[PDB]
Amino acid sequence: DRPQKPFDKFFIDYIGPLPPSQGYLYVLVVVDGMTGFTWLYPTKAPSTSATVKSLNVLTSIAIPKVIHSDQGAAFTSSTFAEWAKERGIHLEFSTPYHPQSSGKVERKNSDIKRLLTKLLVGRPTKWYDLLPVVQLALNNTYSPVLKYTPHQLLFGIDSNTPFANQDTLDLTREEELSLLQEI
């Protein structure tokens, strides 16, 4: 079989609803299966319309052969199926109530949830401005299995923003108190 490559498979999913940040409530997460490279797009709803708008930005940079998702309404709609067919993108769905992707992607989606939670507390309405530095952090994170970061696997070079000081990613005991106060 052929070796796995970037742009073979994008894994997409929505995170939210989040507290409002400059109008936006959700985050469309896109992860390249081979590299682990992550793109994050803020949206006002988990709709087909918002998915098409965000992915039109990404697919003007690079088009995947396959998009993988759960059976969410925005991804199973006939409008999104028509959008994917126009661009030659095969859609691939996991079984309902049994979401599966890959170890690398599962752990990347785990990192994204916990990194967002850790930066949400203290400033929960200001995550729109932090999405750039979140992506840079995620994409310059050292991989245990593979030798390289997602940035290195996608571009074939070292980055100008290496994150050597590895953030703990767990919440400190004081951050648990302020997180438990609101909701």
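Just so we're on the same page, rigid core means the largest C-alpha set that superposes within 1.5 Å between forms. So that there is no doubt, residue numbering starts at 1 and follows the sequence shown.
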More variable segment, 65 to 73 or 117 to 125 [Cα RMS over structures in 7 other deposited structures of this protein, core-superposed]: 117 to 125
Higher-scoring stretch by recorded Cα B factor average, 142 to 150 or 43 to 51: 142 to 150
Segment of higher mean CA temperature factor, 159 to 167 or 14 to 22: 159 to 167
Residue, from 31, 67, 133, 121, that the PDB entry assigns the highest Cα B-factor: 121
Position of residue 72 among the chain's modelled residues by C-alpha B-factor, lowest, middle or highest third: middle
Residue 104 by Cα B-factor - lowest, middle or highest third of the modelled chain: middle
CA B-factor placement of residue 125, once the chain's modelled residues are sorted into thirds: highest
Relative C-alpha B-factor of residue 97, binned into the chain's lowest, middle or highest third: highest
